[PDB]
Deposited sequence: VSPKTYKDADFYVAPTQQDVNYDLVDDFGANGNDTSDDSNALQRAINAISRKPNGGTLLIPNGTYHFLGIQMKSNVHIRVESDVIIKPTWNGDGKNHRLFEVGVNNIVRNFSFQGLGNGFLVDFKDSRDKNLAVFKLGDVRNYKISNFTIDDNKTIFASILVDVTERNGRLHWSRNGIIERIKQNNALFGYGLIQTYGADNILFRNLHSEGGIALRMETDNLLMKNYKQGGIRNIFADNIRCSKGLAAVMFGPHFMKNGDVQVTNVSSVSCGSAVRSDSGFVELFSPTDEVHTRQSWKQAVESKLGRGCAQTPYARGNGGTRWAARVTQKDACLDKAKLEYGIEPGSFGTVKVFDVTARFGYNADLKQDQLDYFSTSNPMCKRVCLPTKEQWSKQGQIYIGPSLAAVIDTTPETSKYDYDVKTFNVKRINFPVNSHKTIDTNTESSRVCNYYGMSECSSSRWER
């Protein structure tokens, strides 16, 4: 097969006329030379621009700014100078925080946030806040988020949450947008750059995450389960990359029935795999039940009962095709404990696999650092009425050791060769990167 084509205008349409062009510092008094909060200045700028019928552009000039909980609005187009550094303003309330919210508490249409030149920096390195996301998207359409680097510090939450929001008794989420040219450094394994919950017609392009997963299409927001609304459809991705992480692209529908997704040009360097697909599954709340929340065993006799009794069923994806996948072998990939047994073929002595210390990660066993395992991991139940397929084309591996796996699936044999809790401890340098 040949990938479907598209043009940027199929996702985002830029304004052709605007009413104003403001500067955050000169027009709204923000200060990029101190360490004080600039949120109000930015919010006033956004509000002022959105009040104009044809909106306008806001320039965030070179300097260091502190923002938190900014509410984006319609017809606001933010451009950021190339030497800008954006840091999260300290908030000790202990709640989940985001630098920018788009359509979470309102309706946003025609919005863009783009770095000029080679992009700017969002820096979390000096933040005492571990619950940080850069963008949380909700009811927003016709948008573009582009060009910046995120210096993470293994914070909780993916940097860009393509989420759902509740309003008037139902869920709302984004449609028609482009999220591109973003690099994330030092992400926590359980997160990464993008996590998608609800989305329609979004283009993800030139995204790279060091650690975790770059494009995590793991649709598991509880709200979507309760409302039976959400999921992603007609998603396009191009040039998605992973380094020292789990995977560049991952599919994990959980309980949600998602639509079509096309991905082209996926590359990984020292990641668990380049592409990873997890089986959809069902969970019951208080050989059909797993060790408990209680996940339902992957058996069509038990699942047929699940759909009958609870009406729920394992999530899935529609037509999914991933073209041009390249996985380059490395020794610093993020690995899950249930993947370690796959070293039985190429690494029987489990060499180069480290277990992070309690200081590095309290829940020992949730993450390991070691050699890449494959180009593609697909744990979807091939022999099941409840299954979806992620078709891969032109998959290639580089520098993998002899007898390593290319594609790990449900038929792949494995055996325990690693000492789960007694293996070598990860050095600080290796964990901290």
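Exercise. What's missing from the model if you number the deposited sequence from 1?
Worked result: According to the deposited record, C-alpha coordinates are absent for 287-307, 314-323, which together make up the missing parts.
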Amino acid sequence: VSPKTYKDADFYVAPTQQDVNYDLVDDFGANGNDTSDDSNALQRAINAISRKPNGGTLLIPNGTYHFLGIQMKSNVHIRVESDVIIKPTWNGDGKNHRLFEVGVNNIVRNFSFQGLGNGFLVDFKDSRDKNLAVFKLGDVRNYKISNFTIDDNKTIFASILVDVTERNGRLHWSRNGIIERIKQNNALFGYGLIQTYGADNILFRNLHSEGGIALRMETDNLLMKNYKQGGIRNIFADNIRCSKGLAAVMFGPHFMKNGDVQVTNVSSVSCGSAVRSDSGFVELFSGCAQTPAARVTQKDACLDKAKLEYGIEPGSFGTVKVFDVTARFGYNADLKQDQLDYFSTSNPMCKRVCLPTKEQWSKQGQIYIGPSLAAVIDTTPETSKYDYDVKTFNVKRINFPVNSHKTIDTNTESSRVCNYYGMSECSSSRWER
From here on, numbers count along this sequence of modelled residues.
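For this session: Please work out which of 217-225 and 68-76 has the higher mean CA B-factor as recorded in the PDB entry.
Result: Averaged over C-alpha atoms, the B-factors run higher in 217-225.
For this session: Return whichever of 140-148 and 262-270 has the greater mean Cα B factor according to the PDB record.
Result: Mean CA B-factor is higher for 262-270.
For this session: Among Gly330, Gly115, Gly198, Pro314, single out the one with the highest C-alpha B factor in the record, please.
Result: Highest C-alpha B-factor among the listed residues goes to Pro314.
Exercise. Which is it among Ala306, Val84, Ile240, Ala133: the one with the largest CA B-factor in the entry?
Worked result: Largest recorded C-alpha B-factor: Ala306.
For this session: Would you check the entry's CA temperature factor for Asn185 and let me know if it's in the chain's lowest, middle or highest third?
Result: Middle third by C-alpha B-factor.
For this session: Select lowest, middle or highest to describe the third in which the CA B-factor of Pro88 falls within its chain in this entry.
Result: Middle third.
For this session: Using the B-factors in the PDB entry, rank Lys321's C-alpha atom against the chain and give the third, lowest, middle or highest.
Result: Middle third - that is where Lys321 ends up once the chain's C-alpha B-factors are sorted.
Problem set entry | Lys299 by Cα B-factor - lowest, middle or highest third of the modelled chain | It belongs to the highest third of the chain when residues are ordered by C-alpha B-factor.
Problem set entry | Entry-reported Cα temperature factor of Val25, expressed as the chain third it lands in | Answer is middle: the recorded C-alpha B-factor places it there.
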